[PDB]
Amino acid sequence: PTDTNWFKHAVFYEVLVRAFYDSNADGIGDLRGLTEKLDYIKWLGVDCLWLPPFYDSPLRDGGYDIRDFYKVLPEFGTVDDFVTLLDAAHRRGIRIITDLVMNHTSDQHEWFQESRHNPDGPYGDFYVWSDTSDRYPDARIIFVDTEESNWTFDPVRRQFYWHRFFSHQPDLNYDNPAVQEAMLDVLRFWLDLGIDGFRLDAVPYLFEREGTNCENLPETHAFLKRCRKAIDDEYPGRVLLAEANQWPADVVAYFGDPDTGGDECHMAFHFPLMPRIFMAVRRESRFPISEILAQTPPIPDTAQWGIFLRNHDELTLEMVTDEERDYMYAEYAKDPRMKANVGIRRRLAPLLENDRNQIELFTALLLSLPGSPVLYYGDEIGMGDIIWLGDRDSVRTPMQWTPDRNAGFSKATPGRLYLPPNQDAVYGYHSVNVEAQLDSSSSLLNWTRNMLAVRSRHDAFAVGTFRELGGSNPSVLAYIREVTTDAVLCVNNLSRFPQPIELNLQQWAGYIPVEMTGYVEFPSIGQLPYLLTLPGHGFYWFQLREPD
């Protein structure tokens, strides 16, 4: 049932098929397992699942190296299990989007094997081949510590092929019109199955051109317009999300032509948000947050920013920044917490040293700042990570359902699990798990669920305007979200100590602030500045109720 704005009102939940629930005791999470846990997901109150790549893959780069776009990784199930999942989610009002890597395939993909073995055949030009490694010299090597070059010599074809990512991930040749059609057909295949949309990954790198750094080319945007057009024409109500790990000013291009109301991606991610919030709290100053928001350009009214509490892009493990436009550019390296975690994904609780007050503060900001928020699976119970598993796999350990064997994720033997659960005294499944948190109304899980329920009752959080209120105290960030008569006031203390703030709310004189969890009515707003007092790292949400 089409609702062309659903993505603006959605809370997304990024969940890995491999990690959520193993229904068949092979030690690996699967589609049937995820289907069996949909009642939990509905109960939590999220609106759309975001599944990282689950296609057939040799898994040398986390499944971002795809061997077959048309096939589910066999240990997850088949496309039939995927449709079962889709139907069960839809039946509960939950949508599903997935990652789709557009720039490159695994070298195990049959297209590449045909390209190298049969250069004269129909796949001969499906990839970017050269007698020399000299072309495109201005393109940086993304994985500079691992790849000596963006060109690799193939021993079968005896020419170099191009890859922006690892050598086992050859780039598709988008100047070949058969490649463009083949990739459009991949989109249609999953859309026909009923998927609600895609996050398109690595799209800034589609086209290469001499004289350029081979990112963000106009031909790249042109292909994205084809994708959007195919969606608009054939599957209305579906969504395209861009993964462009760039400064927000540069990302706005990915929404497309403003005069059209946006003709490329419906959404794109605002990557610098979490690094700025993290630094605002470290510095006890609202300015890193105020500034990043104020400097973010307007986007088409059809579009929406995606936001999440992570410091790194999951594809490249890089944190966005900009020498010229980021006033905090040199500051990140001066923070020992940021410095220790460079290039490693970490979960929310570990990022905040398990401080429950800060977890709540960061989560409140995620749920009230402009954009559609993405929650990462397990953050709602305060799961930890295991950094030694890898820069990405750190945060991909099994969902911790119960304090039972394997955290209740699987009936297999522990040695057969795809990755082990946390076992330490702080984050281990004996103390951190869904079951333990279900009872108390004061658990992080129940708190998170309640915050989602509150957010869902106020359209202002999803699509409202954003007005930062300033105020006497630079340690406090206060703002109003407004839709036109749903008006909400959010006040956030970035300081570890109690703070007073006096706000000029004269425009809303007469209005009565009603705090959104206890529904207590606060003193009516007058002509004098309104005094609010917050504990360290505290926050309040108020509905601004019109007078009688």
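Heads up: residue numbers just count along the shown sequence, starting at 1.
Chemist: If you count the residues of the deposited sequence that sit between residue 484 and residue 485 but have no coordinates, do you get none, 1 to 3, 4 to 9, or 10 or more?
Modeler: Unresolved stretch here: 4 to 9 residues.
Chemist: Mind pulling up the entry and telling me whether 90-98 or 227-235 has the higher mean Cα temperature factor?
Modeler: Per the PDB record, 227-235.
Chemist: Is the mean CA B factor in the deposited entry higher across 399-407 or across 154-162?
Modeler: Mean C-alpha B-factor is greater for 154-162.
Chemist: Between 498, 52, 510, 58, which carries the biggest CA temperature factor in the record?
Modeler: That would be 510.
Chemist: In this PDB entry, which of 330, 183, 452, 352 has the top CA B-factor?
Modeler: Largest recorded C-alpha B-factor: 330.
Chemist: With respect to C-alpha B-factor, does residue 29 fall in the lowest, middle or highest third of the chain as deposited?
Modeler: Lowest third - that is where residue 29 ends up once the chain's C-alpha B-factors are sorted.
Chemist: Would you check the entry's CA temperature factor for residue 36 and let me know if it's in the chain's lowest, middle or highest third?
Modeler: Residue 36: CA B-factor falls in the lowest third of its chain.
Chemist: Once the chain's modelled residues are ordered by C-alpha B factor and cut into thirds, is residue 23 in the lowest, middle or highest one?
Modeler: Tercile = lowest for this residue's CA B-factor.
Chemist: Name the third of the chain's ranked CA B-factors that contains residue 370, choosing lowest, middle or highest.
Modeler: Its C-alpha B-factor belongs to the middle third of this chain's values.
Chemist: Could you look up the Cα B-factor of residue 66 in the entry and say which third of the chain it sits in: lowest, middle or highest?
Modeler: Within its chain, residue 66 is a lowest-third residue by C-alpha B-factor, going by the deposited values.
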